[PDB]
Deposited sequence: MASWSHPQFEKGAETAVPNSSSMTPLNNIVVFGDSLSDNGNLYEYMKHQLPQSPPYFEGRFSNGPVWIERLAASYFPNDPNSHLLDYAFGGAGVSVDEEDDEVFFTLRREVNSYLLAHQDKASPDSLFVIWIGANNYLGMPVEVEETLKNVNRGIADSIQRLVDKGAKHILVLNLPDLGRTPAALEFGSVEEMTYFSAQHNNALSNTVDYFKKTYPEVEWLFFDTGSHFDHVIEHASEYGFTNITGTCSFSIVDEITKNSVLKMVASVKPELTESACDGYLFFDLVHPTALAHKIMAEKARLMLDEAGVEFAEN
């Protein structure tokens, strides 16, 4: 069986890491929920909650930093380095490693399309190799949702570029994970097709509880130069203008999903791992 969960990610998986370093000033909470980039617990928190009730945060090693991505506030290599530094360079064999990364590199809307796609997928593949080289036996990799459906892309006309990033990224990542499966069959390889799961929720938004998928719960204002990052967008949130009732919103801010969308993600991920035969105890 497996003892704990180690998640490498960005603002979509951070459980308050940047919030602490920022001295509780970013993300401003409220309207954000205690440093999460949403109005509730993030998906990986709920998933660990379902496995270790009454004390999940003693089984969750969350190294995800807000604004993190592939070499950007923080790099995946450094999240992994942080774990390896604090474990004598040994990846625990009874730990589940989670890598959900890339969204922050693409949402920044860089100038080099293909080179960014290239360096993001190369950075992830490198991270899986390092973890596998240090003894990781259970690795979960998640692909990206259709970023063209974020209010950011819908406001700045980048639906084409963001959807293109999501599809091409998910295709390369699929081939990357297929390589590591045809190379390390001794390692349990787990995959989550976020792209398809989020498209199904979108096409059935009302059935999942959402009444609005284009607007935002909070409110923010950004401009050309400064707007070129997720963290500046989060820093430009106006707490006084955030809606009090956001039941129904799919997006809490210009890119981050609301608390309900994190719960749906965690429940689907739990069922997928239950389908795969992954057991947690101790």
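The deposited chain is incompletely modelled, with C-alpha atoms absent over 1-24, 96-102, 314.
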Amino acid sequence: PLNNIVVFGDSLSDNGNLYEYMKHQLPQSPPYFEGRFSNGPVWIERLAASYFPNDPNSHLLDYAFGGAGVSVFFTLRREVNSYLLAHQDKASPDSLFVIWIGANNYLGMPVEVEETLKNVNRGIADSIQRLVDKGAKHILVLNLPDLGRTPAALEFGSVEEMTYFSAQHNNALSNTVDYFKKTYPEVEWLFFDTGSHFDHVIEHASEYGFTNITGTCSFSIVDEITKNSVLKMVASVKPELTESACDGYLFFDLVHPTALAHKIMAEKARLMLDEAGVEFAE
From here on, numbers count along this sequence of modelled residues.
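Higher average CA B factor: 241-249, of the stretches 34-42 and 241-249. Of the two segments, 190-198 and 107-115, the one listed with the higher mean B-factor is 107-115 (C-alpha atoms only).
In this structure the maximum Cα B-factor among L154, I99, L84, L147 is found at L154.
Of the candidates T176, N143, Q168, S127, the deposited coordinates give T176 the top C-alpha B factor. Ranked within its chain, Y51 lands in the highest third, by CA B factor from the PDB record. Remark: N121 belongs to the lowest third of its chain, ranked by C-alpha B-factor as recorded. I225 sits in the highest third of its chain by CA B factor, as recorded in the PDB entry. Sort the modelled residues of the chain by CA B factor and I139 lands in the lowest third.
The PDB entry assigns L61 a C-alpha temperature factor belonging to the lowest third of its chain's modelled residues.
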